[PDB]
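Student: Sequence first, structure after, both from an experimental entry:
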Amino acid sequence: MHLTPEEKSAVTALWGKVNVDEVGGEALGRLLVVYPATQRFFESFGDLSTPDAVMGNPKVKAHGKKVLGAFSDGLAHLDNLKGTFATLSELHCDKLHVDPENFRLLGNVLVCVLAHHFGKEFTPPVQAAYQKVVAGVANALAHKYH
Amino acid sequence: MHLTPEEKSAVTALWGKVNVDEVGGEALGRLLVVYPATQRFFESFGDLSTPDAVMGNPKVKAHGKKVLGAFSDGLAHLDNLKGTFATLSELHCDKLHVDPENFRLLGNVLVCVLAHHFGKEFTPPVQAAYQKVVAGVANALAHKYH
Amino acid sequence: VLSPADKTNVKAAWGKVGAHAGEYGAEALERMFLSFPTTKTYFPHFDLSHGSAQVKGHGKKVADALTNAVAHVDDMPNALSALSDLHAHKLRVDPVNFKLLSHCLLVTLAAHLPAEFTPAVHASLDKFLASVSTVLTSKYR
Amino acid sequence: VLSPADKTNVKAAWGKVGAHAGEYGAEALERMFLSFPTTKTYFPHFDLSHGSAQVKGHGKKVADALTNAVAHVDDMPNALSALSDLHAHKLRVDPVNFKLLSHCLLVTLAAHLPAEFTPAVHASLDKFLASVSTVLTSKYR
Ligand code: HEM
Ligand code: HEM
Ligand code: HEM
Ligand code: HEM
């Protein structure tokens, strides 16, 4: 990655204070809400009718944890995200058929969630480092598509 | 840039038939015509008011050559596009201030010109290989932007 | 949007396409699938092999759809309303794929109309395709 | 395509921005420049250094343009006409760049209006900014 030691330090120290239960559920919820198109993949979740249906959906919130969970690993192996996300990449491609374009969406929604939750701590520079990470993850997930 | 042996060959066989003087003039010329916004970079080229003014402009043809030549080098180092283009990359960023998005445009136009010149010879797969290369060259020219 | 000049260009060039439109449509899809494989995520229920009848058949549908937009060049939004809904609300196809398919149409024509595929026709056709795409994704998100 | 409900959320969120529009204006540029450095290609004549007057003064202008679009949420094409010519014809800023400032506008609001940055409000501001981008990139070629 184009992550500087000081950048890595950056990302690391922040994640460490993240509440996976709340951020995970929120990043996914907000994806379904801000970009309604994506709902086409979570039909089995049920009632996605309204903002409130979405934010309260426990299938939603739980899934959002699975997801941040995988993110957390990526951060543990920033030198090999491709290696780290190959299977999950194959899956998203071969099983789910998700246009990798959506990875970008989710990536941007997470940054807004972190800014939401951290406020003043989520500085321009810090933002900058996470932009590289979400991009890297996106990229890594998109990699086994064929 | 997952360039396989065969794509590699594919790419190289055909580039062997290209008349760079020619294709380069066409390619840069068609870029200034199809996407007029790019003309902001060539205010020194004189008249670019109509397709004839552009396509027959001797400065565009001259420049078109320079460009395809650089391109040619790249094809000679498909394994080191970043290194090959590091200096062109700093230039376009630091001296020219060219949004790297423009590289994608030239790349696509360039592919139309190959199709145009090669017709039937420009098959889907050959097209496939060339899209990788141009993508690769655009990424390579974008790499030193800061 | 589309200037009188642009419309003549499009009318003329698509004019030359004529009877091959269908076959150019199929070829365009094939090029799409090969050059940008992410696009196939939309067609998991299709046979994407070389010569696939679904593709050939699909190419025709697209071709027709374009002829119809050419024919109603002054009222695309309404002429394509239906397809606009299908794509934006049912298929829910991300806008970028539209730029990919257009690119591939232009290549196909280019490969097929040496004579007609001039800079000015190229610019026109580009603009045109941009227009169709814009209609097809107006109601998307 | 804003719903009366979007127009309302927008109205409320921005109402809270109040006297901080400039500061937010400036912060979003700063984040953009830092997070997406190619966007700097368009401001070679600026001091883009932390807390520059230029960037500061510029944050204000942008914030004002937004306030102004809020006000005329119903007549955007017309209120933003002038800004539309500048961006799409004079500056000739590539469209992608619009999605990068929007993203940063949202990031800043999120960090400064935690109470208000609800999912619904979030979606509403996203559509608004997308809308503003469309008007501004309207006549781009
Ligand atoms: C970088 C972003 C993403 C990451 C890290 C990620 C990760 C995951 C993980 C860990 C699973 C668990 C499934 C299993 O273990 O069997 C999963 C499933 C899934 N993903 Fe993603 N995902 C991402 C983006 C997306 C996006 C943007 C979409 C669609 C808009 C999507 C669609 C799905 C679906 C539909 C499932 C299965 C849900 C179910 O089982 O009901 N993913 N993903
Ligand atoms: C394959 C992509 C490209 C390659 C390989 C390339 C290559 C070159 C080369 C070799 C030069 C001359 C270097 C020098 O003068 O020291 C040059 C100059 C320049 N390039 Fe590019 N270029 C590419 C794309 C573009 C694009 C898309 C634009 C703008 C839309 C652009 C804008 C310029 C400008 C404005 C100059 C200076 C011309 C002058 O005023 O003399 N380049 N490029
Ligand atoms: C020039 C732009 C496009 C045109 C004119 C077009 C036209 C059409 C037409 C005429 C149909 C047939 C629907 C019917 O009447 O039964 C269709 C269906 C469809 N289109 Fe498009 N389309 C365009 C772009 C795209 C893109 C970019 C994608 C995805 C990458 C796409 C994916 C689909 C799918 C998945 C279907 C339905 C498949 C099925 O039959 O099961 N289209 N389109
Ligand atoms: C929400 C979207 C945007 C809004 C509301 C906006 C608004 C404005 C305003 C109000 C001005 C001031 C012009 C004057 O002095 O009359 C301006 C100028 C300018 N804009 Fe934007 N803009 C937007 C997006 C962008 C983007 C994405 C870029 C580049 C990536 C950009 C680049 C510029 C530049 C380079 C100038 C000229 C700076 C100068 O010479 O002072 N704008 N814009």
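Tutor: Great, that's in hand. Residues are numbered from 1 along each chain as shown, chains lettered A, B, ... in the order given. Ligands and ions are numbered 1, 2, ... in the order given.

Student: which residues of the chain fall in helices?
Tutor: By default, I'm working from chain A. Taking DSSP state H, the helices of chain A run over residues A:5-15, A:20-34, A:51-56, A:58-74, A:81-94, A:101-118, A:124-142.

Student: Not quite, go with chain C.
Tutor: Under DSSP H, chain C gives helices at C:4-17, C:21-35, C:53-71, C:76-79, C:81-85, C:96-112, C:119-136.

Student: Among those, which comes closest to chain D?
Tutor: helix C:119-136 (7.8 Å; C-beta to the nearest C-beta). Placement of C-beta: from N, CA and C, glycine included.

Student: Briefly note if that closest one comes near ligand 3.
Tutor: Yes - shown here: helix C:119-136 in contact with ligand 3 (C-beta under 6 Å from any ligand atom) through C:132-133, C:136.

Student: List the residues that contact the residue in chain C that ligand 4 sits nearest to.
Tutor: Taking C-beta to the nearest ligand atom, ligand 4 has its nearest neighbour within chain C at residue C:141, 17.6 Å off. By C-beta atoms under 8 Å, 6 or more residues apart in numbering or on different chains, residue C:141 lies in contact with A:35-37, D:127, D:130.

Student: near chain D, which residues of chain A?
Tutor: A:29-30, A:33-34, A:51, A:54-55, A:108, A:111-113, A:115-116, A:118-120, A:122, A:124-125, A:127-128, A:131 (C-beta under 8 Å from any C-beta of the partner chain).

Student: picking up where we left off before, any chance of the helices of chain C in TSV with mean neighbour count as columns?
Tutor: Listed next are these as TSV, based on neighbours: other C-beta atoms under 10 Å in any protein chain shown:
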stretch	mean neighbour count
helix C:4-17	16
helix C:21-35	22
helix C:53-71	17
helix C:76-79	16
helix C:81-85	15
helix C:96-112	22
helix C:119-136	21
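
Student: Let's have those helices in a markdown table, adding distance to residue D:31.
Tutor: Supplementary listing: these in a markdown table, determined by distance: least, C-beta to C-beta, whole Å:
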| stretch | distance to residue D:31 |
| --- | --- |
| helix C:4-17 | 39 |
| helix C:21-35 | 34 |
| helix C:53-71 | 41 |
| helix C:76-79 | 37 |
| helix C:81-85 | 35 |
| helix C:96-112 | 24 |
| helix C:119-136 | 30 |
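
Student: between those helices, which gets nearest to residue A:98?
Tutor: Nearest to residue A:98, of all these, is helix C:96-112, at 13.1 Å by C-beta to C-beta.

Student: Is any residue of the closest one near chain D?
Tutor: No - using C-beta under 8 Å from any C-beta, helix C:96-112 stays clear of chain D, with a minimum separation of 10.7 Å.

Student: Residue A:145: how many residues sit nearby?
Tutor: For residue A:145, the neighbour count with other C-beta atoms under 10 Å in any protein chain shown is 18.

Student: tell me the contacts of the closest residue to it other than its chain neighbours?
Tutor: In space, residue A:145 comes closest to residue A:93 once its chain neighbours are excluded; the distance is 4.6 Å by C-beta to C-beta, 6 or more residues apart in numbering or on different chains. For residue A:93, the contact set (C-beta under 8 Å, 6+ apart) comprises A:144-146, C:41.
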